[PDB]
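A.B. asks:
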Amino acid sequence: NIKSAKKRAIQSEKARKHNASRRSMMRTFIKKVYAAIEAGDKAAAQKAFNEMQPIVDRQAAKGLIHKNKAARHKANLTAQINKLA
Amino acid sequence: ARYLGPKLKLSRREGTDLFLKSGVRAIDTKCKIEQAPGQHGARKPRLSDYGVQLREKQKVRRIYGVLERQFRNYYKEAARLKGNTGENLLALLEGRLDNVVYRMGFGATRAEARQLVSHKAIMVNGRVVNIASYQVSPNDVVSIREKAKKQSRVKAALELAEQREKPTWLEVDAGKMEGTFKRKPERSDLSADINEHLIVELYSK
Amino acid sequence: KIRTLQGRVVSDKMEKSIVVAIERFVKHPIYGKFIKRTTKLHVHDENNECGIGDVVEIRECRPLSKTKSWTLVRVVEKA
Amino acid sequence: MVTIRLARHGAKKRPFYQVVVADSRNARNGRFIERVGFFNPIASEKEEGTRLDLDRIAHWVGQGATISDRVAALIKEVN
RNA sequence: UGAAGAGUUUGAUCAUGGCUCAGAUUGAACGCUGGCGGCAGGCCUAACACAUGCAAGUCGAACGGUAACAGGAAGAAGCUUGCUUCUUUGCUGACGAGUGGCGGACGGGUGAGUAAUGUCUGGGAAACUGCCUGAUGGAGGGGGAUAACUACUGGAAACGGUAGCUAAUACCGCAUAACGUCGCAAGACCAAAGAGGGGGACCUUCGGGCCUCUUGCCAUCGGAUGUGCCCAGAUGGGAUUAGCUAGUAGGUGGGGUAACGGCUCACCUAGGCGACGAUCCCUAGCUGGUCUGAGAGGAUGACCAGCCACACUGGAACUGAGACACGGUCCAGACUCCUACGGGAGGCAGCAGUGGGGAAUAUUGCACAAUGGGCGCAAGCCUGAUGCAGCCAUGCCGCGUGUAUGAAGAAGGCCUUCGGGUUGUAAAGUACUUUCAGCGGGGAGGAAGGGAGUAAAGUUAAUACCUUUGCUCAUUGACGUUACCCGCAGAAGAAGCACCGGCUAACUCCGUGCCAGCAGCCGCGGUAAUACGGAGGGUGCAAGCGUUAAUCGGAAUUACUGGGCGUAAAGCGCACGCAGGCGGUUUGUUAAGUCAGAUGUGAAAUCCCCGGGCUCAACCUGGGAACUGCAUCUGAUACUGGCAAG
Ligand SMILES: [Mg+2]
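Line by line, the protein sequences give chains T, D, Q and P. Taking the deposited numbering, the leading residue of the first sequence gets 2, the next gets one more, and so forth. Taking the deposited numbering, the leading residue of the second sequence gets 1, the next gets one more, and so forth. Taking the deposited numbering, the leading residue of the third sequence gets 3, the next gets one more, and so forth. Taking the deposited numbering, the leading residue of the fourth sequence gets 1, the next gets one more, and so forth.
1. Here's the rule: buried if 16 or more other CB atoms are within 10 angstroms of the residue's CB, otherwise exposed. What is P/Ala27?
2. Assign Q/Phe27 to buried or exposed, taking buried as 16 or more other Cβ atoms, counted over all protein chains shown, within 10 Å of its Cβ.
3. Rounded to a whole number of angstroms, what is the C-alpha to C-alpha distance between Q/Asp56 and T/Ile66?
4. Can the beta-carbon of D/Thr180 be found closer than 7 Å to that of D/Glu186?
5. Since I believe Q/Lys15 is in contact with Q/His44 (beta carbons under 8 Å), could you give me their beta-carbon distance rounded to a whole number of angstroms?
6. Evaluate contact between the region 159-166 of chain D and the region 126-136 of chain D, counting only Cβ atoms and requiring at least three cross-stretch pairs below 8 Å.
7. Tell me which same chain residues have a C-beta within less than 7 Å of the C-beta of D/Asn125, skipping the five on either side of it?
8. Can you name, in chain order, every residue of its own chain whose Cβ lies under 7 Å from the Cβ of D/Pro6, other than the five neighbours on each side?
9. Report the CB separation of residue 1 of chain Q from Q/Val58 in whole angstroms; it is logged as a contact under 8 Å.
10. If I measure Cβ to Cβ from D/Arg55 and keep anything under 7 Å in the same chain, skipping five residues before and after, which residues do I get?
11. Suppose contacts are defined by Cβ-Cβ distances below 7 Å. Is Q/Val21 in contact with Q/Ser13 by that definition?
12. Buried or exposed: where does D/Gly95 fall if 16 or more other Cβ atoms within 10 Å of its Cβ makes it buried?
13. Rank P/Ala72, P/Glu77, P/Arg70, P/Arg5 by C-alpha distance to the C-alpha of P/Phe32 and give the top, closest one.
14. Which residue or residues does DSSP assign as beta-bridge partners of D/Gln115?
15. With a threshold of 6 Å on Cβ separation, who are the neighbours of D/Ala148 within its own chain once the five nearest residues in sequence on each side are excluded?
16. Please list, in chain order, all residues of the same chain as D/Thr168 whose beta carbon is under 6 Å from its beta carbon, the five residues on each side excluded.
17. If distances are taken between C-alpha atoms only, which option among D/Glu146, D/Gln115, D/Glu112 comes closest to D/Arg127?
18. For D/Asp98, does the count of other Cβ atoms within 10 angstroms reach 16, so buried, or fall short, so exposed?
19. Smallest Cα separation from D/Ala42: which of D/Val154, D/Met177, D/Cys31, D/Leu198?
20. Just the Cα atoms here: how many angstroms apart are D/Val101 and D/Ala113?
21. Please classify D/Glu77: is it buried, with 16 or more other beta-carbons within 10 angstroms of its beta-carbon, or exposed?
22. So, is Q/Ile60 buried or exposed, given that buried needs 16 or more other C-beta atoms within 10 angstroms?
23. Candidates Q/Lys3, Q/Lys18, Q/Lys80, Q/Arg5: which alpha carbon is nearest Q/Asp47's?
24. Compare the C-alpha of D/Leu93 against each of D/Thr16, D/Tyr3, D/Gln70 and name the closest.
25. Measure from the alpha carbon of D/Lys176 to the alpha carbon of each residue in D/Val129, D/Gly83, D/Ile144, then state which is nearest.
26. From what residue to what residue does the alpha helix (DSSP H) around Q/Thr40 run?
27. Considering only their Cβ atoms, is the gap separating D/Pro37 from D/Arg12 smaller than 7 Å?
28. Can you name, in chain order, every residue of its own chain whose Cβ lies under 8 Å from the Cβ of D/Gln58, other than the five neighbours on each side?
29. Take the Cβ of D/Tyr74 as the centre, count every other Cβ of all protein chains shown within 10 Å, and call the residue buried at 16 or more, exposed below.
30. Under 7 Å, do T/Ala49 and T/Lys70 count as touching if we go by C-beta distance?
31. Between D/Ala79, D/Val60, D/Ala91, D/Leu202, which has its C-alpha nearest D/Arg110's C-alpha?
32. For T/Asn77, which option in T/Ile31, T/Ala21, T/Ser5, T/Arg17 has the closest C-alpha, if you only look at C-alpha atoms?
33. In the DSSP assignment, find the beta strand (DSSP E) that holds P/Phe38 and state where it starts and stops.
34. Could you give the DSSP three-state label for Q/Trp72: helix, strand or coil?
35. Mind listing, in chain order, the continuous beta strand (DSSP E) runs of no fewer than 3 residues lying wholly within the region 129-169 of chain D?
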């Protein structure tokens, strides 16, 4: 309905495309780490994990998705790769 | 909101004289007391049980001029206060503004003093009061304001109630504009005919 | 330490989980009579160190499962 | 964002407020953490038309409560 | 500091019982009558459909801006030779739209849904918290574009697509790294911003660094405050609903949320709840309290206040500190609306109104002046929340509609046994006063702030600025031709309504004659009606009175305090008994039952007692007591209860 929401609502569509497109970039470096755990490898599983550790907090401090959900991925992923090899 | 048309025929209903018309020969029958309540006048009043309670509630209402909404508020106030329910009910009646202005000399009758309350004349303790139930606290002066000190009827009133009994619980200057609600009017210095049993036992249900 | 709510064991057909009833008196609120009333609440315990019919001391804890937010502390009765 | 605003429990054309240490976003007068102090603009030598117990504001300033205008009148309209 | 009953079964009576009545109260409607003022109240029914106005905007002290206004500059000029006609100038105040920031997630309105983790009380840990607050520390450098606009082209509108051009606190990199996150350690990794004010020096392309103040911006640890989550107790009817349940119940795991979690997906285990009432259908929002009752107890949840639930009907989510989002988006439909037929707009359970169903419930009100809110460096904007005014006896508490005197006990009305009586001191006539309304004139407080000046020990350039304190002027109300006080008329504008056999306070006559009619029960009317209809007189109440509807009370008539059952309704036809309820007798002992003591806590407002303020009272109000409660420590062992011994 007619208000000054179009300043806000279209911006929520601007922040729909711009934000969610960067979410798959986070999820891309989620997948290959889980692929490396599935691969049985150990050395390259250190590579993409140490690669994604800035990639996590670059979109966890200010950006998309925040508040220690990203920061607890550093725990359980590290807990698996030590149990593998 | 008061009883207007006749006045003494209501005394012919309730037996003894209620002080509505007084000071003159109408004490002894200028209206034939006990002879005509109405058309069927001097008749056989075969009384009942509920009657001898119902007459008393409309005795002391009609001696002061208080209708039924207002008189129950004096009753319900006379339960929360400490002491006898009946005696506080007579104490709360005597502290009424109109009842004080009458028997502190002023006015011929209570209905006149009520009109003298309601016509801006009386003044309680330095304060104008035109409400006929400003219920006076002890050690307070009554006073008539200056612009109605002597108009017609003030000076002829004191002499009539001076043959009446001078009551203990008030002080009064017959000279001018000075009274004192002294202390609580007890049961002894009442009119002594009113039976407080027959009102407390009426409203209790 | 809360009150160390004493209770019993009713049944154990579950995997590291028991059922505890609790004896409890009360004034009946309108008649004034003492009805012995009992409740029924699931209690977490790992060792299966209490059997069906014991007497159990219980405190609360973090809500672990569904329907069960009480850990065992110790047992004061054999079967 | 806790505030020290004033409520309104008066008659018609006869206001009589209440000194109310409450939240910002809540009601006109429907909610408070606690209540201490009162007010009246009908004093005219009735009695004290203000009585506040200033230590409790000195408590709740120490928490960090931002204070409002007509109370900020009162803290100098009392000594 | 508190407790009343009476009428009717029968020819009479003692009992048993019902039905009915006296009381108190309402969001009330209807009938009749109606003068004022204060306080509070006013779609309970279709949550059914909505004309039209309005109910969320703000910062130029983030940005390019310049389309509008206003001040100027510059030039052309009304030449009006100095008074002002225009254009360049974003030059500035200031500002429409668009980027950006925060807030629209509160305030509001409704009670349709929800018998439940929804509410209410008393406990708990496994987490976040925009703004406000405590302390410490940080706060380097770049880059990519793009609407807006420009020029163009699609559509009927709504709207659509391009290249150009510039910004940022828009965003993307990059430098930096704990008392931070991951990690046992070792290690590894992550962040950002300017903006105004003012100038002491120097410099300067004269932009500005430079100095200072204010203030944001970053990270962490606190403190509050708000919100998610858990536990136990307590919360409508129906057992002519007794079985229910597989993601169900539990455990390793991954995965998942801010957080524990069956919150989800594979795997194993086979459970879980239930007569102390599960699933089921029906009905309902819950509490503080209101009403009534002497009390217990009983019906209620409108108003003001707490907490959830819902936005035309079903869904799913985006952003965000916070929503699954009332005046935002999408998917459908449904109505509804509009169309060049291709398409677009719609949501009053916001305030004010129409349709309509209705017994019935109101104005297409005024102001930002108050107190609160939002945005802000304030000014100020905005606010159909609040502050007020009209509407309506709906209710409460006042108040007047005159008071004296006065009979010849008047004409008059009916009664009359024709002796009279009564209305009735009532009226008349003499006395007397104007409350309120009419009408006239002055006339408190709800106003503090703000803005302007001017002073101070402030901190820095010691006097710039700003922050704080005190002083000075001008001030700033919708209500409101206010409350209240004062002035003058002239008894002058101001009395209805039911009942009159019994309960139940008040009675006689005409008319009608089992017809017309009354009525709450008992009942009245078939020629003398204290009951129907009418008239005098009386009663009770009063600006209202009756009637109906609705809850408790009387009802000891669902009885725990407070009943009964041999015949008045009522002892299963009779037996052992399961779960239930209940202990002979002595000692020991524990301390759950209970008693005691405190300490928490029971939100404030109503109820209650002493006290203040409206000329009193309703009403507004200070402090107390009370909130009968639940949870904890300490104490007590007589009763009771589990263990031990007889
Ligand atoms: Mg003023």
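In this text, a Cβ means the ideal position worked out from N, Cα and C, and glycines have one as well.
C.D. replies: Looking at the coordinates:
1. exposed
2. exposed
3. 51 Å
4. no
5. So it is not a contact: roughly 12 Å between Cβ atoms.
6. no
7. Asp140, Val141
8. none
9. The question about residue 1 of chain Q has no answer, for chain Q in this structure spans 3 to 81.
10. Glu14
11. yes
12. Burial is judged here by how many other beta carbons sit within 10 angstroms of a residue's own beta carbon; D/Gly95 has at least 16 and is buried.
13. P/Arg5
14. Its beta-bridge partners do not exist; DSSP assigns none.
15. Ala121
16. Same-chain partners within the cutoff: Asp189.
17. Comparing Cα-Cα distances from D/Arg127 to each of D/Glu146, D/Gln115, D/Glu112, the minimum goes to D/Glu146.
18. buried
19. D/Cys31
20. 6 Å
21. exposed
22. buried
23. The shortest C-alpha separation from Q/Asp47 is found at Q/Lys18.
24. D/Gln70
25. D/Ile144
26. No alpha helix (DSSP H) holds Q/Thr40; the beta strand (DSSP E) holding it covers 39-46.
27. Between D/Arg12 and D/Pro37, the gap from beta carbon to beta carbon is short of 7 Å.
28. Here the set comprises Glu14.
29. buried
30. no
31. D/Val60
32. T/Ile31
33. Note, P/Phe38: beta strand (DSSP E), 34-39.
34. strand
35. 142-144
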